[PDB]
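Novice: Got a structure for you, written out below as structure tokens; questions coming shortly.
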Amino acid sequence: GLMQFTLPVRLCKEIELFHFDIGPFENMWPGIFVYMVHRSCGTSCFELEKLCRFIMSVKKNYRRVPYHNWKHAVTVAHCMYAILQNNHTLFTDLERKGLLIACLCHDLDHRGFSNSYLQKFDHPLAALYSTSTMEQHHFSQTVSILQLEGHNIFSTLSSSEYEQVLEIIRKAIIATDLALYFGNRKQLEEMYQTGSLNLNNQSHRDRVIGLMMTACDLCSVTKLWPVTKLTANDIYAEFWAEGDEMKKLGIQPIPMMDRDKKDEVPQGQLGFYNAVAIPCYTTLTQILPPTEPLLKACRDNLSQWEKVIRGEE
Ligand SMILES: Cn1ncc(C(=O)NCc2ccccn2)c1C(=O)Nc1ccn2cc(-c3ccccc3)nc2n1
Ligand SMILES: [Mg+2]
Ligand SMILES: [Zn+2]
Numbered sequence: 458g459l460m461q462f463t464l465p466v467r468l469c470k471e472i473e474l475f476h477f478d479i480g481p482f483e484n485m486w487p488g489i490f491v492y493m494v495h496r497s498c499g500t501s502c503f504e505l506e507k508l509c510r511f512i513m514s515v516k517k518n519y520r521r522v523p524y525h526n527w528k529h530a531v532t533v534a535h536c537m538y539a540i541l542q543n544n545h546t547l548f549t550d551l552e553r554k555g556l557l558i559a560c561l562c563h564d565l566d567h568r569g570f571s572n573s574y575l576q577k578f579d580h581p582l583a584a585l586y587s588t589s590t591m592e593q594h595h596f597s598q599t600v601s602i603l604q605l606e607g608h609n610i611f612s613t614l615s616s617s618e619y620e621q622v623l624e625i626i627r628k629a630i631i632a633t634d635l636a637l638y639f640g641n642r643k644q645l646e647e648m649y650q651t652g653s654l655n656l657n658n659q660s661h662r663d664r665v666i667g668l669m670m671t672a673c674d675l676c677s678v679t680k681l682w683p684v685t686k687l688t689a690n691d692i693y694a695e696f697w698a699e700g701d702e703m704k705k706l707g708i709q710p711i712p713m714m715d716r717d718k719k720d721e722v723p724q725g726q727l728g729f730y731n732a733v734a735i736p737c738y739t740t741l742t743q744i745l746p747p748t749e750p751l752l753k754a755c756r757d758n759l760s761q762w763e764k765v766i767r768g769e770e
């Protein structure tokens with residue numbers, strides 16, 4: 458009840474900033490996550506015995522892949538923490554509870570391969586889930602862990618508040634399927650410009666929460682340049698491995714995943730910042746003004762990639 462988590466002074470201050478890096482000490486990430494839940498929700502939102510046991514079960518069910526790992530899980534939840542703390546009054550008690558958990562669980566049991574590779578492989582999960590394959594799997598694993606004896610962190614909610622929170626978490630996690638982001642932001646784009654955006658419309662919140670989820674999930678591009686630069690190795694190690702596997706099936710992968718075309722990475726990063734990241738954080742800044750630092754940090758990094766191309770690094 459009266460047992461706060463407290464971080465050292467530098468973390469205490471820096472964690473409140475969008476660009477905060479959780480650091481290389483694995484053992485502090487669970488305490489960082491609890492620290493965030495407590496400030497974002499209350500010391501009452503979850504029984505600490507159960508929360509702690511849910512966190513360690515989620516950790517166990519992430520794999521040791523270069524990028525889609527436990528570190529990513531907590532990185533994505535912190536960005537969401539930054540968005541919720543900078544938009545105090547816009548979100549319900551339920552939404553603050555459900556979205557930090559959604560972020561922590563959003564890539565549960567990822568294998569470091571795209572939906573596409575599952576499909577070209579004919580992986581069972583592709584038969585069981587035709588679209589958003591890994592994302593439906595990740596929601597399924599979240600529910601599995603919630604149902605372990607001692608792991609139901611929501612058990613204190615009324616029957617309908619529990620259905621409302623599982624429904625938020627499900628939509629939240631499906632939304633991290635980037636194939637659904639493009640149409641989600643086009644609609645949010647039109648809805649904000651024509652002036653029909655209405656946050657009391659549940660189908661409109663859904664869309665907004667979906668874009669928040671895309672923004673947290675991509676937040677590697679919103680760090681200080683050295684974090685972004687070294688992180689990018691990790692995502693390319695999954696991409697190239699998938700390219701290797703595509704080649705093993707007898708399929709030339711897309712260049713993104715062809716390790717023979719490492720050279721064209723800075724150009725490929727440019728396309729991505731322009732086609733995905735900038736549009737994402739632009740539309741997010743328009744709908745939620747206090748998220749502006751993510752857009753600015755993203756633009757700084759776009760600019761840092763242009764510098765790489767020009768030979769200046
Ligand atoms: C999905 N998803 N999720 C996150 C990211 C990402 O790259 N995020 C950026 C970050 C992630 C982790 C750490 C640092 N920076 C992406 C993505 O599709 N990126 C991309 C997108 C398109 N491409 C094209 C190439 C390319 C590379 C070499 C030669 C030719 C082309 N390269 C591409 N890369
Ligand atoms: Mg994912
Ligand atoms: Zn993710």
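Note that the deposited numbering has the sequence shown beginning at 458, numbered continuously upward. Yeah, the Cβ is synthetic: ideal placement off N, Cα and C, and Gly gets one too.
1. Go to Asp550, then tell me how far its alpha helix (DSSP H) extends in each direction, as first and last residue.
2. If you measure from the CB of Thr633, is any heavy atom of ligand 2 nearer than 6 Å?
3. Which ranges would you report for the alpha helix (DSSP H) in the region 618–664 if only whole runs of at least 4 residues count?
4. Measuring CA to CA, which of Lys554, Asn518, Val531, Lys643 is closest to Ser597?
5. What are the complete alpha helix (DSSP H) segments, minimum 4 residues, inside the region 498–542?
6. Enumerate, from N- to C-terminal direction, the unbroken alpha helix (DSSP H) stretches of 4 or more residues contained entirely within the region 679–717.
7. By Cβ distance below 7 Å, which residues in the same chain neighbour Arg664 in space, the five residues on each side in sequence not counted?
8. Specify the secondary structure class of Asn544 as computed by DSSP and reduced to three states.
9. Under DSSP, the alpha helix (DSSP H) around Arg767 begins and ends at which residues?
10. Taking a contact to mean a Cβ-Cβ separation below 7 Å, would you say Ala734 touches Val678 in this structure?
11. I need the boundaries of the alpha helix (DSSP H) containing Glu471, first residue and last residue.
12. Find the nearest neighbour of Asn690 within the set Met703, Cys673, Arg716, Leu706, judged by alpha-carbon distance.
13. Going by C-alpha to C-alpha distance, which of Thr748, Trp486, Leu635 sits closest to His529?
14. Using the beta-carbon count (16 or more within 10 Å), is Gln709 buried or exposed?
15. Let me check you understand the geometry: is the CB of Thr685 closer than 6 Å to at least one non-hydrogen atom of ligand 1?
16. Are three or more beta carbon pairs between the region 506–515 and the region 589–605 nearer than 8 Å?
17. Do the region 545–565 and the region 582–590 meet, that is, are 3 or more Cβ pairs less than 8 Å apart?
18. Given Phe462, which residues of its chain have a CB within under 7 Å of its CB, disregarding the five upstream and five downstream residues?
19. Check this for me: beta carbons of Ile540 and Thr748, under 7 Å apart or not?
20. If you compare alpha carbons, which of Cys676, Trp697, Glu721, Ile744 is closest to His535?
21. Assuming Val515 and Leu561 are in contact, meaning their beta carbons sit under 8 Å apart, how far apart are those beta carbons, in whole angstroms?
22. Could you check if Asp564 belongs to the surroundings of ligand 2, using beta carbon to heavy atom distance under 6 Å?
23. What number of angstroms, rounded off, separates the C-alpha of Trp762 from the C-alpha of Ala754?
24. Check each candidate in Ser760, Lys507, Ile610 and name the one with the smallest Cα separation from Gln726.
25. For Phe570, which residues in the same chain have their Cβ closer than 6 Å to its Cβ, ignoring the five residues on either side in sequence?
26. Check the C-beta distance from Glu695 over to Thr633 and give it rounded, since I have them as a contact under 8 Å.
27. Assuming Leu556 and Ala629 form a contact by the criterion Cβ under 8 Å, report the distance between their Cβ atoms to the nearest whole angstrom.
28. From the DSSP output, in three-state form, read off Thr590 for me.
29. So the candidates are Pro712, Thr671, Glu504; which of them puts its Cα closest to the Cα of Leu751?
30. Would you mind sorting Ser497 into buried or exposed? The rule is 16 or more other CB atoms within 10 Å of its CB.
31. May I ask you to report which of helix, strand or coil DSSP gives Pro581?
Specialist: Quick answer:
1. Within the sequence shown, numbered from 1, the residue matching residue 550 stands at position 93. Counting along the chain, the alpha helix (DSSP H) containing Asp550 begins and ends at 550–562.
2. Walking along the sequence shown from the start, residue 633 turns up at place 176. Flag set: Cβ of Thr633 near ligand 2.
3. 635–651
4. Numbered from 1 along the sequence shown, position 140 holds the residue referred to as residue 597. Per the Cα distances, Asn518.
5. 505–518, 527–542
6. Segments of the alpha helix (DSSP H) lying fully in the region 679–717: 682–705.
7. Residue 664 sits at position 207 when you count from the first residue of the sequence shown. If we look at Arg664 and ignore the five residues flanking it on each side, its Cβ neighbours are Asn641, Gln644, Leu645.
8. One-based indexing of the sequence shown puts residue 544 at position 87. Note: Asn544 maps to coil in three-state DSSP.
9. Working through the sequence shown from its first residue, we reach residue 767 at position 310. Counting along the chain, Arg767 falls outside any alpha helix (DSSP H), and DSSP gives it neither H nor E.
10. Here residue 734 refers to the residue found at position 277 when the sequence shown is read from its first residue. Here residue 678 refers to the residue found at position 221 when the sequence shown is read from its first residue. Their beta carbons are under 7 Å apart, which means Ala734 touches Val678 by this criterion.
11. Position 14 of the sequence shown, counting from 1, holds the residue named residue 471. Start and end: 466–471.
12. For the purposes of this step, residue 690 is taken as the residue at position 233 of the sequence shown. Selection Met703, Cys673, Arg716, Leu706 evaluated against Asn690 yields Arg716 as nearest (Cα-Cα).
13. Residue 529 sits at position 72 when you count from the first residue of the sequence shown. Among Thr748, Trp486, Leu635, the Cα nearest to that of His529 belongs to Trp486.
14. As a working mapping, residue 709 is identified with position 252 in the sequence shown. The residue is exposed, with fewer than 16 neighbouring Cβ atoms inside 10 Å.
15. For the purposes of this step, residue 685 is taken as the residue at position 228 of the sequence shown. Yes, since a heavy atom of ligand 1 falls inside the 6 Å radius drawn around the Cβ of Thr685.
16. yes
17. no
18. Translated into positions along the sequence shown, residue 462 becomes position 5. Correct list, in chain order: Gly488, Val491, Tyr492, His495.
19. To locate residue 540, count along the sequence shown from 1; it is residue 83. To locate residue 748, count along the sequence shown from 1; it is residue 291. In contact: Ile540 and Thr748 (Cβ atoms closer than 7 Å).
20. For the purposes of this step, residue 535 is identified with residue 78 of the sequence shown, where counting begins at 1. Looking only at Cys676, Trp697, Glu721, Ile744, the smallest Cα-Cα distance to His535 is reached by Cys676.
21. The residue labelled residue 515 in the question sits at position 58 within the sequence shown. The residue labelled residue 561 in the question sits at position 104 within the sequence shown. About 6 Å; that satisfies the 8 Å criterion.
22. Within the sequence shown, residue 564 is the residue found at index 107, counting from 1. For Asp564, the shortest C-beta to heavy atom distance toward ligand 2 is below 6 Å.
23. Locating residue 762 in the sequence shown gives position 305, counting from the first residue. Locating residue 754 in the sequence shown gives position 297, counting from the first residue. Cα-Cα distance, rounded: 13 Å.
24. The residue labelled residue 726 in the question sits at position 269 within the sequence shown. Comparing Cα positions, the closest option is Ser760.
25. Taking the sequence shown and counting its residues from 1, the one referred to as residue 570 is at position 113. Closer than 6 Å at Cβ, skipping near neighbours: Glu699.
26. Numbered from 1 along the sequence shown, position 238 holds the residue referred to as residue 695. Numbered from 1 along the sequence shown, position 176 holds the residue referred to as residue 633. With a Cβ gap of about 15 Å, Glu695 and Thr633 do not count as contacting.
27. Here residue 556 refers to the residue found at position 99 when the sequence shown is read from its first residue. Here residue 629 refers to the residue found at position 172 when the sequence shown is read from its first residue. Yes, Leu556 and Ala629 are in contact; Cβ-Cβ is about 6 Å, under 8 Å.
28. Taking the first residue of the sequence shown as 1, we reach residue 590 at position 133. Reduced to three states, the DSSP call for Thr590 is helix.
29. Residue numbering aside, residue 751 sits at position 294 when the sequence shown is read from its first letter. With distances taken between Cα atoms, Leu751 lies closest to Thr671.
30. Here residue 497 corresponds to residue number 40 of the sequence shown, with the count starting at 1. Buried, since its Cβ has 16 or more Cβ neighbours within 10 Å.
31. If you number the sequence shown from 1, residue 581 lands on position 124. Looking at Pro581 - three-state DSSP - the assignment turns out to be helix.
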